[PDB]
Each structure stands twice: as structure tokens, then as C-alpha cells.
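The chain that follows stands alone, in the form solved without the ligand, written as C-alpha cells.
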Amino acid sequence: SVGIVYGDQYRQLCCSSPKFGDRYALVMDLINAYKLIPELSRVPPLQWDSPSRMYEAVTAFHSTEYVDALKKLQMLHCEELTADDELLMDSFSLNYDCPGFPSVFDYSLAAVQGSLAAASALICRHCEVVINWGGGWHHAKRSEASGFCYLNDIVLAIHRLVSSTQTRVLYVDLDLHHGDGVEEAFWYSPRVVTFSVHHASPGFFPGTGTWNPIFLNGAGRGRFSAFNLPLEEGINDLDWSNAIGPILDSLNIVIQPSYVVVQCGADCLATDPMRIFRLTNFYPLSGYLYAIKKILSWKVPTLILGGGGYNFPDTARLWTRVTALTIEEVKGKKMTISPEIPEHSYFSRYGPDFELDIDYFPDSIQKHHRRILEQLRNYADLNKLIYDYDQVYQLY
């Protein structure tokens, strides 16, 4: 089936942060408003038998002293920090854009519980695809919070997938921001190929995913397994689609992944307050919906995850269509969405036009395309992989 992560306590935890507020709730209420929930298998967040089992699960990637620090920060916010406690938090970047707040640990752990359960649903073949709009926190590092990401649920999910059995995972990152934390976690791993398309420019967060000059792309046995495509501001649906479509198709052909994990951050939308990219949610074509439909036609068990997205109703408008599209492509069952927002709890946030379409008026890539094709051949040479060379060459 097509699965989706939610639950009554999960919704409360996803809506408890001061930066993302009730975003998760507009998303899931618009999905519900459009009668998509009965088509979907509810996947319940994972829970643990003990503190030890939780720590063992989280420290599959994060360090215990980081997890300890993050737990102490929540406790400290449920009661000012001492100077020693501020040094301690500062050594984990638990400050500035990743501050504490009374449920910071329960909030962060929630996305991990969600995305681990989603991986398990794919592994036991209960679901062909599972959606977790509560997840996607791709900037968190082993011992460092970053970009309002405290725990890296994607790393943890991918780790669970590669240890389910040669298993290969293809990770595709559509967020406006470079997926540095996931890329770093698998830098030396050939079995997890990572691919991020993003904006990169001087001073723009997080700063990686671009020239260094040359692209770094892996190390040790993981050489050539980290892929990156940085694009200039202003790019629209068609050019971003043409930019990534042949790369996606060539990655599937050569890598033949056992799973695809997609980060689908909505901050590339033309109407995001960031205002870097000009993508839409249009479905006559949205860059996002083009990519997901492409990935889904491979018929590989797939995890779709959230991410950034700071225009809350327009993130809901996008992820609702992603949700409807996944159902159409997986079950083969037409999904008819009215162009007008249905009446529901958050109906007033979709003003003043109350439509589903967002309210927007719609050489370098060929160098990167040749750059990536050589890297892909190097990867395949390094890992003794089979494929037809000019079958992938012709995709461009």
C-alpha cells in the first residue's frame, strides 16, 4: 500500500516547535480535507522498550554525549542556564538557529521515530511507498545541530534500510538547501549514493554542495558516491526539471537501488519567503511532481520525507499534491482534487483566494551534466557495476 506517518501524539510533537509551529497540522489537515486519508495506510511512529533501546537506536549515528546534551537542554528548558551549561550546549551548536525549547528533545526524537517506522514498513513489504511529512531533517550531524535540525532521521532511516539484509540506497534531496548532513554520514559508503540539487552561492547556508577548484564527491571506498547539482537563483519548473531528470534516470539505471529515499523540502517554491527558486505545485508542471513521478515509475520501494518549507499553507498545497500523486502512481487509481481549498479547520489560512494552485506567475547545466556523467562512470568502475554506457549517455 501507500503508507503515511501520523498519530495524535505525533501531531502534537511535530507542532511544538517555535520555528515550524503548526505547519505539520496544516499539511495533514489539507490531506484529510481532500479525502486522501482513507486511501492511505497509517504508519505509527516507532516506540521503544527502554531508554537503552532508544539510545542504541539514535547513537547508530549520533554520539551519546550529543544525545545526553540534547536531553539535558530539554530538561533545562522545562524550568536560566549556568555558564558551564552554556559552554556545554555551545560545543554541540545547540544555539542560535538550533536553540532549546521545552520539548526540543521529544520534538526531535519524534521525526526519528516516524522515519524509522517508515523504513520498517518498506522493509517488511507492508508498503511500497511511505510518506513522512514530519521528517526530513537533513542538516543534523553526528554531534552538532544545524539548520533547525537536531537529530538526523534520514541518516537513521537509511542506516536501517541498508542493514535490512547487496542492499543499495539512492538518496535524492530536492530541498533548496544542500543535504550536507546526509552526505557527510555516508561519505565513505558506496552502498548509499547521495544526490542533492540546491541553491549554492557565497554566504548561503550551509555552504557545501559546490565547487571547492573541484567537487569533492566521497572518500575511501565511498569515492564518487556523493553527487551534487548547484543551481543559480530564479530557476523555474522547466529548467530545474530538465536539469535533474537525466541525472535521476541515469542514477537509477547504473545504481539499481534497492530503495529510494527522497527529501522533498518545499522551500524551492516561488512563494516561499526565501524566494530563491521559482518552482510551483502546478499539475496541468511542478518541478517537484515531475521528479517524484519519475522516481516512482522505477517501481522501487520509496520513502518520501518532508524538509524546509516556510510558507506553511503553500507547503501544504505542495505536499497534498505529492500525496495524491504517489497514490495515483502506486495504486493506479485516479485522484481528483478540486482546484478550490475544501472547508476545514485551517480553511482561513489559505486566503484570500482559497485555491490549491499557489499564487504565482511563472550552458552551466551542460557542464555539470558532463561532470556528473564522468563521476557516475567512475563510481560504476570503482564498484564493478554493469550497465550500457551509451544507454545512459543518450538520456542527455
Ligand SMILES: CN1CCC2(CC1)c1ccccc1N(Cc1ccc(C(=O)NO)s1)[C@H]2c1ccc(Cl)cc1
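Numbers for residues come from their place in the sequence shown, where the first is 1.
In the deposited entry, the stretch joining residue 79 to residue 80 is interrupted by 1 to 3 residues of the deposited sequence lacking coordinates. In the deposited entry, the stretch joining residue 165 to residue 166 is interrupted by 4 to 9 residues of the deposited sequence lacking coordinates. The question of which stretch, 370-378 or 10-18, has the higher mean Cα B factor is settled in favour of 370-378.
Of the two stretches examined, 340-348 and 43-51, the record assigns the greater average C-alpha temperature factor to 340-348. The PDB entry gives the largest Cα B-factor of the residues 184, 237, 173, 97 to 97. Sorting 264, 214, 123, 289 by the CA temperature factor given in the entry leaves 214 at the top. Annotation for residue 330: CA B-factor lies in the middle third of the chain's modelled residues. The PDB entry assigns residue 293 a C-alpha temperature factor belonging to the middle third of its chain's modelled residues. Sort the chain's modelled residues by C-alpha temperature factor and residue 180 lands in the middle third, per the entry.
Ranked against the other modelled residues of its chain, the C-alpha B-factor of residue 299 as given in the entry falls in the highest third. Compared with the other modelled residues of the chain, the Cα B-factor recorded for residue 136 ranks in the middle third.
We do not show the form solved in complex with the ligand, though everything after this point is about it.
Contact check at 4.5 Å (heavy atoms) against the ligand in the deposited complex: all three of 184, 210 and 228 pass. Heavy atoms of residue 216 reach within 4.5 Å of the ligand in the deposited complex, making it an interface residue. Taking the partner from elsewhere, residue 317 is found to have every heavy atom lying beyond 4.5 Å of the ligand in the deposited complex. Proximity of residue 178 to the ligand in the deposited complex falls within the 4.5 Å heavy atom cutoff. None of 108-116, 249-257, 202-210, 67-75 except one has non-hydrogen atoms within 4.5 angstroms of the ligand in the deposited complex; the exception is 202-210.
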